[PDB]
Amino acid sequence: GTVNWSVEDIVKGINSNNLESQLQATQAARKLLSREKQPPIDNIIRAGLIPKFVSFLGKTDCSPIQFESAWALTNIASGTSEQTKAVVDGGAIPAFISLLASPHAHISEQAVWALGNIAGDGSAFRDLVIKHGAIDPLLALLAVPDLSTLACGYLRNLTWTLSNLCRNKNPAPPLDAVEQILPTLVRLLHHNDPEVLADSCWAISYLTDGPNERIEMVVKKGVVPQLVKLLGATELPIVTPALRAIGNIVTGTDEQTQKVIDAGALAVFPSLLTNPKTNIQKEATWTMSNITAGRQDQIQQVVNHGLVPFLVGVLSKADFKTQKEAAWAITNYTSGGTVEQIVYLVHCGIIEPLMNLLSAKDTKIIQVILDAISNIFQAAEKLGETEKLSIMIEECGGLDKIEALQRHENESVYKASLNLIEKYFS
């Protein structure tokens, strides 16, 4: 019936005066847009059908055409920013928001999905959806005693669309919108569905990427413990966004960082630091680099969980990007750490692998590493163990590289090297 219509026919039918003829034509448009391969989005837009669809959204007496056009408009909004713009331009936002209160859960869901695609386009549309007052209607849909009574897929759609209202940074979602969503987001962060969980985390990770005031909004809701737990999830789809949230929160104040340590996060790192998925490993080392940039009592917490060996490990063998984060972790550690701690760092075998990394084609890492060595000597002086450290670097051939990095096209490399030799190898 409605399978494989030509756009000329769909146009023909939507232009007829027959509500039914229009419905069948609209369902045909929906199917064109739902075929697994290259949907004629541009031709549909080009035919000028969006205003008609947006218009069918309001036909309360014909729920079917409401659903069909909703789906159709949802898929158009799924494309490029321009295509999504086309839908927004047609007056669809206020209309889709209206459908959230529909008696037909499947039409409400569609409304939720469409608003999801629109806000997902970026800051602007995100904030335009918010100005049309979509948060209230959305949040109302989840106001039930037990989330479990809701349809699995229905609940996932809401969690997803909500995550997009928390997405993007320039600018970040309005403050009071985050405040209005958070209580519901926290509740979803405790649901038993892997998807609701992964998306909830993503949402939380978004709200925690930016100024510390933003992080505080989240941390103050007591979700760190729950994040640390999801951090130990079996499913990569959950662990990835969770590790990210945890990683952002520790880019803030040391008090906020302390929350994750207290939460028990550190215990999950021996795993994360040897994780098969390289990206989890990169994110974990990065997270560690911000923990070693904290207080000494916090650096000790790292030491206590036998994590220094794990860093020595990452520094020794890993994707280069993970090593760069490892180099940072170490250089931050040797930056604010106590002598005794910088001592331990060496007894863990950090020197050799740190040196082999001076053989990298990355000028910034060489600065990070060299900078680290300096911090170690600086602590070796307070002990007078300066020569022992000198020899050590020579044993593994580190001197045979610093002594070469004086003749390096960079300024810091050039100088930091020369100074190192000059001051510790003469």
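Just count from 1 along the sequence shown to find any residue number.
Stretches 386-394 and 27-35 differ in mean CA B factor, with 386-394 having the higher one. Annotation for 258-266 versus 329-337: the higher mean temperature factor (C-alpha) is found in 329-337. Of all the options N275, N164, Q83, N212, the entry's greatest CA B-factor is assigned to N212.
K131: CA B factor in the lowest third of modelled residues in this chain (values from the PDB entry). Looking at the C-alpha B-factors along this chain, the one for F320 belongs to the highest third.
Per-chain ranking of the deposited C-alpha B factor places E283 in the middle third. In the deposited entry, the Cα temperature factor of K52 places it in the lowest third of its chain's modelled residues.
In this PDB entry, the Cα temperature factor of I41 sits in the middle third of its chain's modelled residues.
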